[PDB]
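# Residue-level structural notes
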Protein chains: 2
Amino acid sequence: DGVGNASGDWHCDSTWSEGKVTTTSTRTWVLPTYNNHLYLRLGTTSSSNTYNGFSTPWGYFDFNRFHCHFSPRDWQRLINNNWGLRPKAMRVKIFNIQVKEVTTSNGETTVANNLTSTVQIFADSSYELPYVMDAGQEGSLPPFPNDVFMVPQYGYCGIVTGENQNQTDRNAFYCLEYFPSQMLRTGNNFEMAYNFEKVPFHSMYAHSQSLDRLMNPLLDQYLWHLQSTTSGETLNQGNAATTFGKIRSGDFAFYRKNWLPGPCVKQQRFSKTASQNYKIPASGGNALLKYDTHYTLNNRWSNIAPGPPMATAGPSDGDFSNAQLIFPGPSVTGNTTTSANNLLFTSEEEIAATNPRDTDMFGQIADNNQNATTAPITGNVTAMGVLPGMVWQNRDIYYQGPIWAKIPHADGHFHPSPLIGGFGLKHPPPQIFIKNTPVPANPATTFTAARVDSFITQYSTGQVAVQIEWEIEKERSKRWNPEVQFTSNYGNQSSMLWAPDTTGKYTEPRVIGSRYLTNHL
Amino acid sequence: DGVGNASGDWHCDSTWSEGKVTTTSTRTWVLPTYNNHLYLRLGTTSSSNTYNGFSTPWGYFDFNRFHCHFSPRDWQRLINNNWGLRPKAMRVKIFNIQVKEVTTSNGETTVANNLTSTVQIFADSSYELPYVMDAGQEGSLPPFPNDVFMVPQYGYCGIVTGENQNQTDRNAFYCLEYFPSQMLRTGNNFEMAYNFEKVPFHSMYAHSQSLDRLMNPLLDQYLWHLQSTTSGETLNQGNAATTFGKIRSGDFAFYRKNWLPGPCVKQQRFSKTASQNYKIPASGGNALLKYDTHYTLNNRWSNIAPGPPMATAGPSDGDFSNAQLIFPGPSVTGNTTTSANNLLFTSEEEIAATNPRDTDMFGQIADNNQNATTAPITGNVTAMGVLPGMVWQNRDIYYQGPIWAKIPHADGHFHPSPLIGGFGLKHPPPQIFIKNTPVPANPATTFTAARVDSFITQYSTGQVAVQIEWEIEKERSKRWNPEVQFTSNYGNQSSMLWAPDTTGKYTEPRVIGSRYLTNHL
């Protein structure tokens, strides 16, 4: 519309309705020029870290974390009152564009606003580009609305053959300029809308019943079983008579059951006390990567991280495994720490009702057929696939964690739910790409056909607004006694938690999940 | 609309109608960047000064004083001709926005206007934020229309537990960016409207009658009373006979009366002559805070300041108490003075008809039941609540004082009128918040997820207009002789009072209240 006319307004709120909540949040961004306006191929030959790909001049908006869209109070309203959550619609606006040219002269930089410069924006609706937005990486909106964030650079990997960097003829190059874009000056604004495909509600609740306890504790089964092959409490001694008996109440472990616990992939267990662990190197002949549970994909090890949902130790427990996500705590110098107390550990232990424990076996199975001569042998089940009549609970969604993921495009998928967390989507929210259009510097007066390298140094800033409509289930329980709630128990604090400190810094003190209200199997 | 098109006009006038006056005033403001765009928590552990809270990047418009909306002549038209005043409607405009970027280079600052920068403005209509606008503090429009004022920074306290700074889980953090705002460039303008809830007229008048004199001085009552228990003028001597008598005229003190004087909280009295006061420290073991009348709220002393309305010494009298408001006079160095003649003292003495004196007791009450053996004992009433059949007069509104206050949100309130002065409102005029939107400085070329600290230094200026509709009562008295008026008696002056001086400085020479015209009980 105009230079001196604002192209949008600031909107950040949540509005709660009967069956739905609509959260809006606005942020301020700054977009640098990446790679001097030019694509660059990436790669390194590493034993398991081997990768190859392309970094692009473009940058993109990552909307996928829950604290982008929710405050800590709104997250409390949600999880305390509701059994389920799923996203419905999404809407995005990019407005109040400002492009700034900078001038380095006489050892000092001055910034002026270039009014005729443009910025390019397109959302990829057809999913034609590699989708990196679900990778669980950085570059999303800040949790706190006053923060200004930097738009992350876009890049993508490609199929790696073995442990060697080198590309083959299968590798694709995608040129972002080969899509149609929208070019925006300071008067122009961008907008798009999106609809989520129907997806099961995330279950925000814990079970108040175990699987193996689903029976009536008063009654007996009409089913019989073999109690023992001999008299006495000692093995391989007795009168050698087979005793059959009815299954009476009080001895549930022998009840015949309709269902089974969920699948397992065992994890290696580590103690938070440093002296209580076996000494393992970070890198070398024996890596910690070797001793963790990994999968070999094309001669490349990769952790199973978290892996299939499995019950975990409590957040405060003195042991952890890779089945637990780890977030930085309130006070961290960054990139390293020697103490687990600085870290904030996730725990799935609420799902211990239906699911086997990450660091413990699924069960034990007979390895032979006994006879009078041969004693029975059983053995541990470390990894178990799904079986008919098996039930399991998904991993929990967190306030700091990802909302969705893109289901890979493949001829088969089983229970398409993301192992980090959230909502598997075949057509997730489309990636929105933005770059500063190049402005050439002063050209030569004669003609040359070499591409022009010299460019005016610029960056742009602006405002971005996101609106997601969510759909929620109200808890409908006949439970008498009070349910557990998410409360602030933090007590007497010199400086308020979940608020800026004396220096203005805002951090998130705790990891908070969605499962508080109980329900029954 | 446009860069080179003005978004509003200058309007300052009052327009008087039969039952109403509509005053408009326009000012020029300047808005700095506060706290480098970031919230900061505040607090200090003090014995009674203990506080905790948050200072915000935002700033706000304080419209609450009378001289914002009135000139000294308009204030004279009002109070001389009218018994009552109440506000009706209010309207606010913020226009002619100008955002200026500043550059410090080579030891000198240059200012340029950034045309694509925005400013954010929202009024809080739902009273969701802490309301600091009624606190009787600085940061309102200047009295004199040529002055340019600086928009005050916004901040708020929180519930303090005891004498300790530390917050508890009850303390709230409010993020202003979590409201919807309006973003304005130089072409854009802001506007809002507001309606006052029905409120009793402030009574601009003094009583021409005392309570205890409401009788007919000619007649006698038909009521009798006990005149004395003995003969003679000396106590505990006489003939010990009970004498009853009719209540004759001329001895009014014994008249039976339908009504009582207003409540009291006694104040400590101080003489303006320094030698005539008892020596008390400002701070130490014995504070002057201890010896003034205070209330203990959660182990924290606070003055009763002014407190319930009570008659006071005259403005020129040689003694004062905390029941009298104090304003700076025409000539003050600021923040301190050793002489009361520099200060301008408020006086409530007009209400001495219905109200007890601030430094004197409500009365005296019998402490025992006398008999022949025991002499009667009475004792002073320093503090008295309201009683059935009690009448009182509110504190006066001044030209320099607050217009309204927000009635706290609580399950009970008694006679909700602000003890400083003005109009108690449940939904007062909403606070209007304004800040400079951040413009990031030159970002790094690589990507980092830390929030961007570096910012372009900016400020904005503009114009703000306020229009309040007022409702007034015309005096309707049958009084014969002339009433007291507010006149300029200042006499021969080298430099005109109520006008700028030779140096351009404008001050307010006197404290002027609203009560001149008499009325009768």
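Residues numbered from 1 in each chain as written, not as in the entry; some residues may be left out. Chains lettered and ligands numbered in written order. Part of a larger assembly, values for the part shown. Heavy atoms only, no water.

This entry lists cryo-EM as its structure determination method and reports a resolution of 2.86 Å.

Test applied: UniProt positions are given in the numbering used here, feature names are shortened, and annotations may be inferred rather than shown by experiment.
Chain A is annotated in the PDB entry as Capsid protein of Adeno-associated virus 11. In the Subcellular location (unreviewed entry) part of its UniProt record, chain A is described as follows: "Virion". Looking at chain A in UniProt, the text filed under Sequence similarities (unreviewed entry) is "Belongs to the parvoviridae capsid protein family."

### Structural notes on the overall build of chain A
Stated formally: Working definition: helices are DSSP H or I runs of at least four residues, strands are E runs of at least two. Numbering for both runs from the N terminus. Exposure is judged per residue with a 1.4 Å probe applied to protein chains only, and the accessible area is read against the type maximum: over 50% gives exposed, under 20% gives buried, and values in between give partly exposed. Throughout, a contact is declared for two residues whenever any of their heavy atoms are within 4.5 Å. Areas reported here follow the Shrake-Rupley algorithm with a probe of radius 1.4 Å; residue values treat only the protein chains shown as occluding.
Scanning chain A for helices and strands turns up 3 helices and 30 strands. Across its three principal axes, chain A shows a C-alpha extent of roughly 110 × 55 × 45 Å. The buried share among the 521 residues of chain A stands at 43%. Looking at chain A alone, contacts between residues at least 24 apart form 75% of all its contacts between residues at least 6 apart. When the accessible surface of chain A is summed, it comes to about 27700 Å², and 51% of that surface belongs to carbon and sulfur atoms.

### Comments concerning the relation of the copies chain B and chain A
The two chain copies are related to each other by a rotation about an axis together with a translation along it. Cut-off, in case you're wondering: Only the C-alpha atoms of the copies enter the least-squares fit used to superpose them.
Between chain B and chain A, which share one sequence, the superposing operator has a rotation angle of 72 degrees and an axial displacement of 0.0 Å; the RMSD is 0.0 Å. The superposition of one copy onto the other is thereby described by a five-fold rotation axis. The overlap is low: 4% of the interface residues of chain B also sit at the interface in chain A, so different surfaces are used on the two sides.

### Notes on the interface of chain B and chain A
We count it as follows: Buried area is understood as the total, over both parts, of accessible area removed when two parts are fitted together, assessed with a 1.4 Å probe. A carboxyl oxygen of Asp or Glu within 4 Å of a side-chain nitrogen of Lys or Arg is what we treat as a salt bridge.
Contact with chain B, which involves 56 residues of that partner, is made by 60 residues of chain A. Carbon and sulfur atoms supply 55% of the area buried between chain B and chain A, which totals about 4500 Å² over both sides. Interface area lost by chain B to chain A is led by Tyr178, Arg185 and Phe447 of chain B, which between them contribute 15%. Scanning the region where chain B abuts chain A turns up 1 salt bridge. Across the pair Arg451 of chain B and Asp147 of chain A runs a salt bridge, and its minimum N-O distance is 3.4 Å.

### Some remarks on a nonpolar patch on the surface
Residues and elements named next belong to chain A. Filter applied, for reference: Like-charged residues are merged into a patch within 9 Å and nonpolar side chains (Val, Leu, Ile, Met, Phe, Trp, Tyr) within 5 Å, provided each residue has over 30% relative accessible area and no salt bridge.
Where nonpolar side chains cluster on the molecular surface, the patch consists of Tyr278, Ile280, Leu288 and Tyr291 and spans about 420 Å² of accessible area. Within the fold, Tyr278 resides in the loop between β17 (270-271) and α3 (288-291). Judged by relative accessible area, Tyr278 falls into the exposed class, the value being 73%.

### Quick word on the packing of aromatic side chains
Residue and element names in this part refer to chain A. For the record, the criterion: Aromatic rings from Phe, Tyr and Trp, taking only the six-membered ring of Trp, are treated as a pair when their centres fall within 6.5 Å; an angle between ring planes under 30 degrees marks them as stacked, one over 60 as edge-to-face, and anything in between as tilted. Charges are assigned to positions over rings by a cutoff of 6 Å between ring centre and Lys NZ or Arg CZ, combined with an angular limit of 35 degrees from the ring normal.
According to the stated counting rule, one finds 58 aromatic pairs over all chains in the structure shown. A cation over an aromatic ring shows up here: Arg86 above the ring of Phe201, its NZ or CZ 4.2 Å from the ring centre. Here the guanidinium or amino end of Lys406 rests over the ring plane of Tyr127, the centre of that ring lying 4.7 Å away.

### Digging into the side chain of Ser321 of chain B
All names here are of chain B. We count it as follows: Here a polar contact is recorded for every N or O atom pair within 3.5 Å, except that within protein the pair must consist of a potential hydrogen donor and a potential acceptor, and residues adjacent in sequence are included only if both atoms are side-chain atoms.
Structurally, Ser321 can be placed in the loop between β20 (319-320) and β21 (326-328). Judged by relative accessible area, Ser321 falls into the buried class, the value being 1%. Within the structure, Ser321 has its side chain in polar contact with the side chain of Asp358 (distance 2.4 Å). Once you skip the residues sitting within four places of it in the chain, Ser321 turns out to touch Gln267, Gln268, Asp358 and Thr359.

### Side note on the pattern of salt bridges
Residue and element names in this part refer to chain A. Scanning all chains against the criterion turns up 13 salt bridges over all chains. Between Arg395 and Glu348 there is a salt bridge, with its nearest N and O atoms 3.8 Å apart. Here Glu348 lies in the loop between β22 (343-345) and β23 (363-366) and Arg395 lies in the loop between β25 (383-384) and β26 (404-406), a separation of 47 residues in the sequence. The class for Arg395 is buried, based on a relative accessible area of 5%. Residue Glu348 is classed as buried on the basis of its relative accessible area, which comes to 1%. A single network of salt bridges, built from pairs that share partners, joins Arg86, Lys88 and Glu471.

### Overview of the nonpolar core
Quick note on the threshold: We define a nonpolar core as any set of buried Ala, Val, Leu, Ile, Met, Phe, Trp, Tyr and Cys residues linked to one another through side-chain atoms lying within 4.5 Å.
Ranked by internal contacts, the top residues of the largest apolar core, which has 75 residues, are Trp29, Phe61, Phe63, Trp404 and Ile432 of chain A. Take this core: its biggest share by element is 7 residues, from strand β5 (residues 82-105) of chain A. For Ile432 of chain A, the contacting residues outside a window of four places in its chain are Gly59, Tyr60, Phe61, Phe63, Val92, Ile94, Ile121, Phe122, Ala123, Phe190 and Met192 of chain A. Formed by 50 residues, the second largest nonpolar core is a distinct cluster that contains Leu85, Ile94, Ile97 and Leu184 of chain B.

### Describing the environment of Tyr60 of chain A
Residue and element names in this part refer to chain A. With respect to the element layout, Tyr60 can be found in strand β4 (residues 51-61). C-alpha separation for the pair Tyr60 and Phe122, spaced 62 residues apart in sequence, amounts to 9.6 Å. Excluding residues within four positions of it along the chain, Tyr60 makes contact with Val132, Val151, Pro152, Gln153, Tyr154, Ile432, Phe433 and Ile434.

### Examining unusual backbone geometry
Omega for the bond connecting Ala305 of chain A with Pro306 of chain A falls within 30 degrees of zero, at 5 degrees, which places this linkage in the cis form. Assignment of secondary structure puts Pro306 of chain A in the loop between β19 (301-303) and β20 (319-320). Unusually for a residue other than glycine, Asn298 of chain B sits at a positive phi of about 55 degrees. Within the secondary structure layout, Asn298 of chain B lies in the loop between β18 (294-297) and β19 (300-303). For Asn298 of chain B, a relative accessible area of 37% puts it in the partly exposed group. Backbone geometry at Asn335 of chain B places phi at a positive 75 degrees, although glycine is not the residue there. Exposure remark for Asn335 of chain B: the relative accessible area of 85% places this residue in the exposed category.

### Quick look at helix α2 (residues 72-81) of chain B
Burial in α2 of chain B covers these residues: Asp74, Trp75, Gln76, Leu78, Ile79 and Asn80 of chain B. Where α2 of chain B is buried, its residues touch β1 (13-16), α1 (66-69), β5 (82-105) and β29 (458-474) of chain B.

### Digging into the environment of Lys257 of chain A
All names here are of chain A. Residue position: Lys257 is located in the loop between β15 (243-246) and β16 (264-265). Sequence-wise, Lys257 and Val464 are 207 residues apart; in three dimensions their C-alpha atoms are separated by 54 Å. Once residues within four sequence positions are removed from consideration, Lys257 is found in contact with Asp212 and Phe252. Within the local environment of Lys257, its side chain forms a polar contact with the backbone oxygen of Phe252, the two atoms lying 3.5 Å apart. Of the polar contacts made by the side chain of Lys257, one reaches the backbone oxygen of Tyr255; its length is 3.1 Å.

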